[PDB]
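Shown next: my_file12.cif, given as mmCIF, C-alpha atoms and all ligand atoms.
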```cif
data_protein
loop_
_atom_site.group_PDB
_atom_site.id
_atom_site.type_symbol
_atom_site.label_atom_id
_atom_site.label_comp_id
_atom_site.auth_asym_id
_atom_site.auth_seq_id
_atom_site.Cartn_x
_atom_site.Cartn_y
_atom_site.Cartn_z
ATOM 1 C CA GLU A 25 46.888 -5.402 42.523
ATOM 2 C CA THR A 26 43.356 -6.452 41.489
ATOM 3 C CA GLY A 27 41.882 -3.781 43.806
ATOM 4 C CA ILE A 28 42.723 -0.889 41.444
ATOM 5 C CA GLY A 29 41.264 -2.550 38.321
ATOM 6 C CA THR A 30 38.037 -3.548 40.118
ATOM 7 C CA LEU A 31 37.214 0.068 41.063
ATOM 8 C CA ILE A 32 37.709 1.406 37.505
ATOM 9 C CA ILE A 33 35.295 -1.118 35.934
ATOM 10 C CA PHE A 34 32.836 -0.561 38.825
ATOM 11 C CA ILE A 35 32.373 3.103 37.799
ATOM 12 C CA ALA A 36 31.712 2.021 34.185
ATOM 13 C CA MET A 37 29.149 -0.607 35.281
ATOM 14 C CA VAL A 38 27.123 2.000 37.216
ATOM 15 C CA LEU A 39 27.055 4.433 34.260
ATOM 16 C CA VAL A 40 25.892 1.729 31.805
ATOM 17 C CA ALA A 41 23.020 0.649 34.095
ATOM 18 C CA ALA A 42 21.818 4.278 34.284
ATOM 19 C CA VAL A 43 21.531 4.451 30.467
ATOM 20 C CA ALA A 44 19.198 1.426 30.198
ATOM 21 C CA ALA A 45 17.097 2.848 33.060
ATOM 22 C CA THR A 46 16.636 6.144 31.168
ATOM 23 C CA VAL A 47 15.369 4.372 28.014
ATOM 24 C CA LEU A 48 12.573 2.541 29.878
ATOM 25 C CA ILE A 49 11.333 5.692 31.669
ATOM 26 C CA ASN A 50 11.380 7.884 28.526
ATOM 27 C CA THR A 51 9.511 5.284 26.426
ATOM 28 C CA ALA A 52 6.815 4.768 29.092
ATOM 29 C CA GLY A 53 6.288 8.546 29.355
ATOM 30 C CA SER A 54 5.828 8.841 25.571
ATOM 31 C CA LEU A 55 3.310 5.964 25.431
ATOM 32 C CA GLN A 56 1.426 7.404 28.440
ATOM 33 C CA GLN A 57 0.188 10.531 26.629
ATOM 34 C CA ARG A 58 -0.833 8.652 23.457
ATOM 35 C CA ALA A 59 -2.878 6.019 25.337
ATOM 36 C CA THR A 60 -4.642 8.671 27.460
ATOM 37 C CA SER A 61 -5.573 10.847 24.456
ATOM 38 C CA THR A 62 -6.820 7.876 22.383
ATOM 39 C CA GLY A 63 -9.239 6.812 25.147
ATOM 40 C CA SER A 64 -10.742 10.299 25.573
ATOM 41 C CA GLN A 65 -11.110 10.917 21.816
ATOM 42 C CA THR A 66 -12.895 7.582 21.241
ATOM 43 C CA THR A 67 -15.354 8.250 24.100
ATOM 44 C CA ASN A 68 -16.328 11.543 22.419
ATOM 45 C CA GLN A 69 -16.475 9.823 19.004
ATOM 46 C CA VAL A 70 -19.064 7.188 19.999
ATOM 47 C CA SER A 71 -21.342 9.409 22.119
ATOM 48 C CA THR A 72 -21.620 12.362 19.700
ATOM 49 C CA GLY A 73 -24.193 12.376 16.878
ATOM 50 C CA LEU A 74 -26.793 14.432 14.980
ATOM 51 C CA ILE A 75 -30.469 13.568 14.414
ATOM 52 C CA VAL A 76 -32.996 14.834 11.847
ATOM 53 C CA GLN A 77 -36.417 15.761 13.263
ATOM 54 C CA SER A 78 -38.592 16.745 10.273
ATOM 55 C CA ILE A 79 -38.231 17.998 6.682
ATOM 56 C CA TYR A 80 -40.584 20.535 5.058
ATOM 57 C CA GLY A 81 -40.808 21.809 1.465
ATOM 58 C CA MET A 82 -42.348 24.838 -0.277
ATOM 59 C CA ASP B 83 -24.074 4.797 -14.988
ATOM 60 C CA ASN B 84 -22.873 5.497 -18.544
ATOM 61 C CA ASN B 85 -26.375 5.580 -20.082
ATOM 62 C CA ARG B 86 -28.683 8.501 -19.246
ATOM 63 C CA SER B 87 -31.543 7.715 -21.665
ATOM 64 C CA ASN B 88 -31.958 4.127 -20.417
ATOM 65 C CA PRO B 89 -29.871 3.219 -17.294
ATOM 66 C CA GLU B 90 -31.123 -0.394 -17.416
ATOM 67 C CA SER B 91 -28.746 -1.383 -20.241
ATOM 68 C CA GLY B 92 -25.862 0.712 -18.867
ATOM 69 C CA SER B 93 -22.598 0.124 -16.980
ATOM 70 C CA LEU B 94 -20.572 2.019 -14.356
ATOM 71 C CA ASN B 95 -18.015 4.384 -15.913
ATOM 72 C CA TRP B 96 -16.946 6.264 -12.753
ATOM 73 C CA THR B 97 -16.627 5.336 -9.058
ATOM 74 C CA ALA B 98 -16.150 7.668 -6.066
ATOM 75 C CA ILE B 99 -14.779 6.588 -2.664
ATOM 76 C CA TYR B 100 -14.988 8.763 0.475
ATOM 77 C CA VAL B 101 -11.912 8.384 2.711
ATOM 78 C CA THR B 102 -11.081 9.803 6.164
ATOM 79 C CA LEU B 103 -8.425 9.153 8.825
ATOM 80 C CA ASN B 104 -9.072 7.171 12.018
ATOM 81 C CA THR B 105 -9.346 8.867 15.433
ATOM 82 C CA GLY B 106 -5.968 9.785 16.953
ATOM 83 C CA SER B 107 -3.945 8.976 13.821
ATOM 84 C CA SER B 108 -0.639 10.301 12.466
ATOM 85 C CA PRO B 109 -0.701 12.090 9.029
ATOM 86 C CA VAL B 110 -0.744 9.938 5.874
ATOM 87 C CA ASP B 111 0.821 10.864 2.523
ATOM 88 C CA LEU B 112 -1.434 9.726 -0.336
ATOM 89 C CA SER B 113 1.497 9.529 -2.791
ATOM 90 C CA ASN B 114 2.789 6.410 -0.991
ATOM 91 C CA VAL B 115 -0.716 4.877 -0.930
ATOM 92 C CA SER B 116 -1.559 1.910 -3.181
ATOM 93 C CA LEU B 117 -5.122 0.885 -4.092
ATOM 94 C CA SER B 118 -6.020 -2.738 -4.888
ATOM 95 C CA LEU B 119 -9.202 -3.895 -6.667
ATOM 96 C CA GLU B 120 -10.446 -7.341 -7.743
ATOM 97 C CA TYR B 121 -13.153 -7.763 -10.402
ATOM 98 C CA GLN B 122 -13.952 -10.729 -12.691
ATOM 99 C CA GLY B 123 -10.476 -12.303 -12.555
ATOM 100 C CA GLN B 124 -8.547 -9.017 -12.791
ATOM 101 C CA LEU B 125 -6.399 -7.721 -9.918
ATOM 102 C CA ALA B 126 -5.622 -4.007 -10.304
ATOM 103 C CA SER B 127 -3.003 -1.891 -8.512
ATOM 104 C CA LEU B 128 -3.549 1.869 -8.825
ATOM 105 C CA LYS B 129 -1.113 4.633 -7.839
ATOM 106 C CA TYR B 130 -1.163 8.450 -7.685
ATOM 107 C CA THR B 131 1.714 10.424 -9.234
ATOM 108 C CA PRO B 132 2.441 13.909 -7.733
ATOM 109 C CA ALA B 133 3.086 16.800 -10.145
ATOM 110 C CA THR B 134 2.991 20.613 -10.261
ATOM 111 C CA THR B 135 1.029 20.628 -13.543
ATOM 112 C CA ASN B 136 -1.061 17.972 -15.351
ATOM 113 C CA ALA B 137 -1.838 16.185 -12.068
ATOM 114 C CA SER B 138 -5.139 14.429 -11.305
ATOM 115 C CA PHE B 139 -6.030 16.792 -8.449
HETATM 116 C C1 LIG C 201 -28.407 3.758 -24.112
HETATM 117 O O1 LIG C 201 -29.469 2.787 -24.077
HETATM 118 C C2 LIG C 201 -30.346 2.819 -25.215
HETATM 119 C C3 LIG C 201 -31.566 1.920 -24.995
HETATM 120 O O2 LIG C 201 -31.169 0.648 -24.466
HETATM 121 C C4 LIG C 201 -29.549 2.457 -26.476
HETATM 122 O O3 LIG C 201 -29.069 1.106 -26.415
HETATM 123 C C5 LIG C 201 -28.367 3.429 -26.658
HETATM 124 O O4 LIG C 201 -27.502 3.005 -27.731
HETATM 125 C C6 LIG C 201 -27.799 3.698 -28.963
HETATM 126 O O5 LIG C 201 -28.859 3.069 -29.695
HETATM 127 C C7 LIG C 201 -29.302 3.766 -30.869
HETATM 128 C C8 LIG C 201 -30.528 3.021 -31.398
HETATM 129 O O6 LIG C 201 -30.254 1.622 -31.556
HETATM 130 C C9 LIG C 201 -28.152 3.911 -31.893
HETATM 131 O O7 LIG C 201 -28.482 4.831 -32.954
HETATM 132 C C10 LIG C 201 -28.609 4.142 -34.223
HETATM 133 O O8 LIG C 201 -27.452 4.180 -35.078
HETATM 134 C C11 LIG C 201 -27.544 3.282 -36.206
HETATM 135 C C12 LIG C 201 -26.248 3.330 -37.021
HETATM 136 S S1 LIG C 201 -25.752 1.812 -37.497
HETATM 137 O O9 LIG C 201 -26.750 1.197 -38.402
HETATM 138 O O10 LIG C 201 -24.464 1.934 -38.217
HETATM 139 O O11 LIG C 201 -25.555 0.939 -36.316
HETATM 140 C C13 LIG C 201 -28.806 3.561 -37.053
HETATM 141 O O12 LIG C 201 -28.678 4.769 -37.822
HETATM 142 C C14 LIG C 201 -30.063 3.633 -36.162
HETATM 143 O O13 LIG C 201 -31.240 3.952 -36.932
HETATM 144 C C15 LIG C 201 -32.076 2.774 -37.070
HETATM 145 O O14 LIG C 201 -33.407 2.919 -36.530
HETATM 146 C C16 LIG C 201 -34.360 3.710 -37.273
HETATM 147 C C17 LIG C 201 -35.719 3.606 -36.576
HETATM 148 O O15 LIG C 201 -36.082 2.230 -36.387
HETATM 149 C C18 LIG C 201 -37.403 2.145 -35.819
HETATM 150 O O16 LIG C 201 -38.433 2.064 -36.832
HETATM 151 C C19 LIG C 201 -39.804 1.802 -36.445
HETATM 152 C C20 LIG C 201 -40.549 3.105 -36.145
HETATM 153 O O17 LIG C 201 -40.495 3.959 -37.293
HETATM 154 C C21 LIG C 201 -39.937 0.807 -35.281
HETATM 155 O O18 LIG C 201 -40.983 -0.128 -35.571
HETATM 156 C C22 LIG C 201 -38.634 0.049 -35.005
HETATM 157 O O19 LIG C 201 -38.801 -0.803 -33.863
HETATM 158 C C23 LIG C 201 -37.432 0.985 -34.812
HETATM 159 O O20 LIG C 201 -37.425 1.522 -33.482
HETATM 160 C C24 LIG C 201 -34.450 3.294 -38.753
HETATM 161 O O21 LIG C 201 -35.161 4.288 -39.503
HETATM 162 C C25 LIG C 201 -33.070 3.089 -39.395
HETATM 163 O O22 LIG C 201 -33.227 2.465 -40.675
HETATM 164 C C26 LIG C 201 -32.108 2.268 -38.524
HETATM 165 O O23 LIG C 201 -32.468 0.880 -38.538
HETATM 166 C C27 LIG C 201 -29.834 4.627 -35.011
HETATM 167 O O24 LIG C 201 -30.958 4.786 -34.126
HETATM 168 C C28 LIG C 201 -31.622 6.079 -34.209
HETATM 169 O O25 LIG C 201 -32.990 5.987 -33.760
HETATM 170 C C29 LIG C 201 -33.162 5.711 -32.348
HETATM 171 C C30 LIG C 201 -34.634 5.467 -32.002
HETATM 172 O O26 LIG C 201 -35.465 6.447 -32.638
HETATM 173 C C31 LIG C 201 -35.080 4.071 -32.424
HETATM 174 O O27 LIG C 201 -36.319 3.751 -31.780
HETATM 175 C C32 LIG C 201 -32.515 6.809 -31.479
HETATM 176 O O28 LIG C 201 -33.261 8.035 -31.538
HETATM 177 C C33 LIG C 201 -31.063 7.057 -31.918
HETATM 178 O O29 LIG C 201 -30.530 8.207 -31.249
HETATM 179 C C34 LIG C 201 -30.955 7.244 -33.439
HETATM 180 O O30 LIG C 201 -29.591 7.493 -33.820
HETATM 181 C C35 LIG C 201 -26.853 4.403 -31.224
HETATM 182 O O31 LIG C 201 -25.750 4.145 -32.102
HETATM 183 C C36 LIG C 201 -26.551 3.785 -29.847
HETATM 184 O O32 LIG C 201 -25.551 4.565 -29.184
HETATM 185 C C37 LIG C 201 -27.538 3.605 -25.372
HETATM 186 O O33 LIG C 201 -26.691 4.752 -25.508
HETATM 187 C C1 LIG C 202 -20.000 8.605 -17.822
HETATM 188 O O1 LIG C 202 -21.387 8.424 -18.176
HETATM 189 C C2 LIG C 202 -22.197 9.612 -18.144
HETATM 190 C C3 LIG C 202 -23.667 9.281 -18.388
HETATM 191 O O2 LIG C 202 -24.476 9.924 -17.395
HETATM 192 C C4 LIG C 202 -21.668 10.628 -19.163
HETATM 193 O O3 LIG C 202 -21.821 10.157 -20.512
HETATM 194 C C5 LIG C 202 -20.187 10.942 -18.882
HETATM 195 O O4 LIG C 202 -19.623 11.768 -19.921
HETATM 196 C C6 LIG C 202 -19.888 13.164 -19.666
HETATM 197 O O5 LIG C 202 -20.982 13.665 -20.440
HETATM 198 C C7 LIG C 202 -21.458 14.944 -19.999
HETATM 199 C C8 LIG C 202 -22.677 15.317 -20.838
HETATM 200 O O6 LIG C 202 -23.788 14.500 -20.453
HETATM 201 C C9 LIG C 202 -20.362 16.024 -20.066
HETATM 202 O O7 LIG C 202 -20.725 17.108 -19.187
HETATM 203 C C10 LIG C 202 -20.729 18.403 -19.837
HETATM 204 O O8 LIG C 202 -19.386 18.880 -20.067
HETATM 205 C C11 LIG C 202 -19.254 20.231 -20.535
HETATM 206 C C12 LIG C 202 -17.782 20.512 -20.848
HETATM 207 S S1 LIG C 202 -17.562 21.262 -22.321
HETATM 208 O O9 LIG C 202 -16.113 21.469 -22.541
HETATM 209 O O10 LIG C 202 -18.102 20.417 -23.412
HETATM 210 O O11 LIG C 202 -18.247 22.577 -22.329
HETATM 211 C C13 LIG C 202 -19.815 21.172 -19.464
HETATM 212 O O12 LIG C 202 -19.053 21.062 -18.249
HETATM 213 C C14 LIG C 202 -21.296 20.861 -19.175
HETATM 214 O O13 LIG C 202 -21.687 21.574 -17.984
HETATM 215 C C15 LIG C 202 -22.621 22.644 -18.257
HETATM 216 O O14 LIG C 202 -23.876 22.479 -17.569
HETATM 217 C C16 LIG C 202 -23.869 22.772 -16.157
HETATM 218 C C17 LIG C 202 -25.224 22.429 -15.538
HETATM 219 O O15 LIG C 202 -26.296 22.917 -16.355
HETATM 220 C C18 LIG C 202 -23.479 24.233 -15.877
HETATM 221 O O16 LIG C 202 -22.585 24.275 -14.758
HETATM 222 C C19 LIG C 202 -22.824 24.935 -17.077
HETATM 223 O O17 LIG C 202 -23.845 25.570 -17.859
HETATM 224 C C20 LIG C 202 -21.970 24.009 -17.961
HETATM 225 O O18 LIG C 202 -21.650 24.661 -19.198
HETATM 226 C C21 LIG C 202 -21.611 19.354 -18.998
HETATM 227 O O19 LIG C 202 -22.989 19.057 -19.322
HETATM 228 C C22 LIG C 202 -23.875 19.020 -18.170
HETATM 229 O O20 LIG C 202 -25.045 19.849 -18.339
HETATM 230 C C23 LIG C 202 -26.008 19.383 -19.309
HETATM 231 C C24 LIG C 202 -27.123 20.407 -19.536
HETATM 232 O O21 LIG C 202 -27.582 20.930 -18.282
HETATM 233 C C25 LIG C 202 -26.644 21.552 -20.426
HETATM 234 O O22 LIG C 202 -27.705 22.497 -20.614
HETATM 235 C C26 LIG C 202 -26.545 17.995 -18.914
HETATM 236 O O23 LIG C 202 -27.361 18.069 -17.735
HETATM 237 C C27 LIG C 202 -25.380 17.020 -18.683
HETATM 238 O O24 LIG C 202 -25.868 15.785 -18.143
HETATM 239 C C28 LIG C 202 -24.295 17.595 -17.759
HETATM 240 O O25 LIG C 202 -23.168 16.712 -17.714
HETATM 241 C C29 LIG C 202 -18.951 15.522 -19.678
HETATM 242 O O26 LIG C 202 -17.978 16.303 -20.384
HETATM 243 C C30 LIG C 202 -18.660 14.033 -19.933
HETATM 244 O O27 LIG C 202 -17.590 13.605 -19.085
HETATM 245 C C31 LIG C 202 -19.338 9.668 -18.720
HETATM 246 O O28 LIG C 202 -18.058 10.021 -18.186
HETATM 247 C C1 LIG C 203 7.034 8.396 0.627
HETATM 248 O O1 LIG C 203 7.902 8.046 1.721
HETATM 249 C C2 LIG C 203 9.252 8.521 1.590
HETATM 250 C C3 LIG C 203 10.128 7.932 2.693
HETATM 251 O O2 LIG C 203 10.361 6.544 2.428
HETATM 252 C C4 LIG C 203 9.257 10.055 1.571
HETATM 253 O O3 LIG C 203 8.825 10.595 2.830
HETATM 254 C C5 LIG C 203 8.351 10.574 0.438
HETATM 255 O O4 LIG C 203 8.207 12.001 0.504
HETATM 256 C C6 LIG C 203 9.089 12.625 -0.450
HETATM 257 O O5 LIG C 203 10.326 13.031 0.148
HETATM 258 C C7 LIG C 203 11.312 13.449 -0.806
HETATM 259 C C8 LIG C 203 12.605 13.791 -0.075
HETATM 260 O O6 LIG C 203 13.496 12.670 -0.127
HETATM 261 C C9 LIG C 203 10.824 14.641 -1.644
HETATM 262 O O7 LIG C 203 11.115 14.409 -3.035
HETATM 263 C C10 LIG C 203 12.025 15.410 -3.540
HETATM 264 O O8 LIG C 203 11.342 16.600 -3.969
HETATM 265 C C11 LIG C 203 12.164 17.738 -4.296
HETATM 266 C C12 LIG C 203 11.322 18.684 -5.160
HETATM 267 S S1 LIG C 203 10.239 19.578 -4.261
HETATM 268 O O9 LIG C 203 9.452 20.434 -5.177
HETATM 269 O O10 LIG C 203 9.305 18.693 -3.528
HETATM 270 O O11 LIG C 203 10.959 20.441 -3.297
HETATM 271 C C13 LIG C 203 13.496 17.302 -4.955
HETATM 272 O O12 LIG C 203 13.993 18.264 -5.898
HETATM 273 C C14 LIG C 203 13.423 15.913 -5.618
HETATM 274 O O13 LIG C 203 12.580 15.965 -6.783
HETATM 275 C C15 LIG C 203 13.307 15.611 -7.983
HETATM 276 O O14 LIG C 203 12.932 14.332 -8.532
HETATM 277 C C16 LIG C 203 11.613 14.230 -9.107
HETATM 278 C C17 LIG C 203 11.427 12.814 -9.645
HETATM 279 O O15 LIG C 203 10.886 11.979 -8.614
HETATM 280 C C18 LIG C 203 11.388 15.288 -10.200
HETATM 281 O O16 LIG C 203 10.005 15.330 -10.576
HETATM 282 C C19 LIG C 203 11.811 16.691 -9.738
HETATM 283 O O17 LIG C 203 11.810 17.596 -10.851
HETATM 284 C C20 LIG C 203 13.179 16.722 -9.035
HETATM 285 O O18 LIG C 203 14.240 16.597 -9.991
HETATM 286 C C21 LIG C 203 12.899 14.822 -4.659
HETATM 287 O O19 LIG C 203 13.981 14.067 -4.081
HETATM 288 C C22 LIG C 203 14.208 12.840 -4.821
HETATM 289 O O20 LIG C 203 15.338 12.923 -5.713
HETATM 290 C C23 LIG C 203 16.625 12.958 -5.063
HETATM 291 C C24 LIG C 203 17.741 13.325 -6.048
HETATM 292 O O21 LIG C 203 17.628 12.532 -7.237
HETATM 293 C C25 LIG C 203 17.702 14.806 -6.413
HETATM 294 O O22 LIG C 203 18.735 15.102 -7.363
HETATM 295 C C26 LIG C 203 16.858 11.645 -4.297
HETATM 296 O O23 LIG C 203 16.944 10.534 -5.200
HETATM 297 C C27 LIG C 203 15.718 11.423 -3.290
HETATM 298 O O24 LIG C 203 15.818 10.111 -2.719
HETATM 299 C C28 LIG C 203 14.316 11.612 -3.898
HETATM 300 O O25 LIG C 203 13.345 11.689 -2.847
HETATM 301 C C29 LIG C 203 9.326 14.980 -1.471
HETATM 302 O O26 LIG C 203 9.192 15.965 -0.440
HETATM 303 C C30 LIG C 203 8.393 13.798 -1.154
HETATM 304 O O27 LIG C 203 7.795 13.335 -2.371
HETATM 305 C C31 LIG C 203 6.959 9.918 0.435
HETATM 306 O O28 LIG C 203 6.296 10.212 -0.800
#
```

Now that the file is in, can you turn its structure into structure tokens?
Ligand SMILES: *[C@@H]1O[C@H](CO)[C@H](O)[C@H](O[C@@H]2O[C@H](CO)[C@@H](O[C@@H]3O[C@H](CS(=O)(=O)O)[C@H](O)[C@H](O[C@H]4O[C@H](CO[C@H]5O[C@H](CO)[C@@H](O)[C@H](O)[C@@H]5O)[C@@H](O)[C@H](O)[C@@H]4O)[C@H]3O[C@H]3O[C@H]([C@@H](O)CO)[C@H](O)[C@H](O)[C@H]3O)[C@H](O)[C@H]2O)[C@H]1O
Ligand SMILES: *[C@@H]1O[C@H](CO)[C@H](O)[C@H](O[C@@H]2O[C@H](CO)[C@@H](O[C@@H]3O[C@H](CS(=O)(=O)O)[C@H](O)[C@H](O[C@H]4O[C@H](CO)[C@@H](O)[C@H](O)[C@@H]4O)[C@H]3O[C@H]3O[C@H]([C@@H](O)CO)[C@H](O)[C@H](O)[C@H]3O)[C@H](O)[C@H]2O)[C@H]1O
Ligand SMILES: *[C@@H]1O[C@H](CO)[C@H](O)[C@H](O[C@@H]2O[C@H](CO)[C@@H](O[C@@H]3O[C@H](CS(=O)(=O)O)[C@H](O)[C@H](O[C@H]4O[C@H](CO)[C@@H](O)[C@H](O)[C@@H]4O)[C@H]3O[C@H]3O[C@H]([C@@H](O)CO)[C@H](O)[C@H](O)[C@H]3O)[C@H](O)[C@H]2O)[C@H]1O
Amino acid sequence: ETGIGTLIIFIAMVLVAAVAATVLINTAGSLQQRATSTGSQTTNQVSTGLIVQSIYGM
Amino acid sequence: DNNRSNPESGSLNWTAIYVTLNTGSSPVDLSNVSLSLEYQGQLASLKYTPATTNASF
């Protein structure tokens, strides 16, 4: 009967959907750390600087 | 300039370019880097060749 064949494919459908879910989570986690670090590094880059007061010679 | 005695009638013989990476950048290999220059209807394409000896380094 059709009942047996339906159950077999059902298991396969669940496993496939889990794979595509894993890709999206892993990619978002990788891009999270890069975007956070870039923001913090740029903030330090703009604000920081050195200034010359006076120059003397002998 | 190529003339020391009188730099007025001289021309540029050497050019130096200071290069750094951008903030939060992945490493760059300079052997795969190409340099383009345009001057007086001449388009140049310069390339570095890596070597153990007799290398411009
Ligand atoms: C950097 O920039 C500078 C300035 O812009 C130059 O362009 C230089 O290029 C060099 O120029 C010199 C001088 O032109 C060249 O040396 C010369 O080589 C010649 C060889 S060649 O004939 O085959 O081409 C000659 O041997 C040159 O000698 C000449 O000049 C003698 C002096 O002339 C003066 O005479 C009276 C004063 O007494 C004055 O009224 C004049 O106005 C004139 O200045 C002369 O006796 C010779 O008969 C002949 O014509 C030679 O120049 C030599 O002298 C000069 C300097 O005294 C001139 O004022 C200088 O020291 C040179 O070092 C010297 O050899 C050289 O080839 C170029 O590279 C750029 O590098
Ligand atoms: C582009 O145009 C330039 C015009 O400004 C120039 O023509 C360039 O050509 C270069 O010419 C210079 C000479 O002006 C040469 O430099 C000298 O090279 C020798 C090499 S050697 O094999 O012949 O021995 C040497 O490295 C000389 O350095 C000496 O002097 C320094 C500083 O005093 C010191 O560390 C050592 O004592 C060393 O022996 C160098 O000549 C330089 O020094 C002199 C005097 O101080 C010497 O008493 C002048 O100040 C000179 O301007 C200096 O360059 C280059 O070989 C050549 O590429 C052209 O590319
Ligand atoms: C540009 O981007 C590239 C990716 O697209 C790559 O990342 C480049 O980096 C290069 O990577 C290759 C590895 O594939 C390496 O080159 C190899 O270097 C060693 C020598 S070692 O001293 O670095 O350990 C290896 O022996 C090969 O060198 C041979 O060939 C050169 C001529 O180019 C010669 O001067 C040497 O004496 C030596 O014979 C070289 O690998 C290349 O050659 C092989 C075979 O022919 C070997 O028999 C393959 O054809 C391969 O595709 C070649 O890469 C370097 O680490 C680095 O330059 C980056 O520049």

TODO: Please measure the separation of atom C4 of ligand LIG 201 (chain C) and atom CA of residue 96 of chain B, giving the value in Å to one decimal.
DONE: 19.0 Å

- [ ] Give me the result of the PyMOL selection byres ((chain B) within 12 of (chain A)) on this file, residue by residue, as a VMD selection string.
- [x] chain B and resid 104 to 108

- [ ] Compute the set of protein, DNA and RNA residues whose minimum atom distance to ligand LIG 201 (chain C) is at most 8 Å, using all atoms listed in the file, and state it as an MDAnalysis selection string.
- [x] chainID B and resid 84:92

Would you put the residues from that selection into a file with C-alpha atoms, as a JSON list (two decimals), in the frame of the given file?
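Printed below is selection_18.json as written:
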```json
[["chain", "number", "residue", "atom", "x", "y", "z"],
["B", 84, "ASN", "CA", -22.87, 5.50, -18.54],
["B", 85, "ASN", "CA", -26.38, 5.58, -20.08],
["B", 86, "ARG", "CA", -28.68, 8.50, -19.25],
["B", 87, "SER", "CA", -31.54, 7.72, -21.66],
["B", 88, "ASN", "CA", -31.96, 4.13, -20.42],
["B", 89, "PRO", "CA", -29.87, 3.22, -17.29],
["B", 90, "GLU", "CA", -31.12, -0.39, -17.42],
["B", 91, "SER", "CA", -28.75, -1.38, -20.24],
["B", 92, "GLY", "CA", -25.86, 0.71, -18.87]]
```

Open item on the list: Could you list, as a VMD selection string, every residue matched by the PyMOL selection byres (((not hetatm)) within 12 of (chain C and resi 203)) in this structure?
Closed with: chain B and resid 109 to 116 129 to 135 137

Give me the box for segment 42-52 of chain A as lines of an AutoDock Vina configuration file, namely the centre and edge lengths in Å to one decimal of a box along x, y and z that holds every listed atom plus 8 Å on each side.
```
center_x = 14.3
center_y = 4.7
center_z = 30.4
size_x = 31.0
size_y = 22.5
size_z = 23.9
```
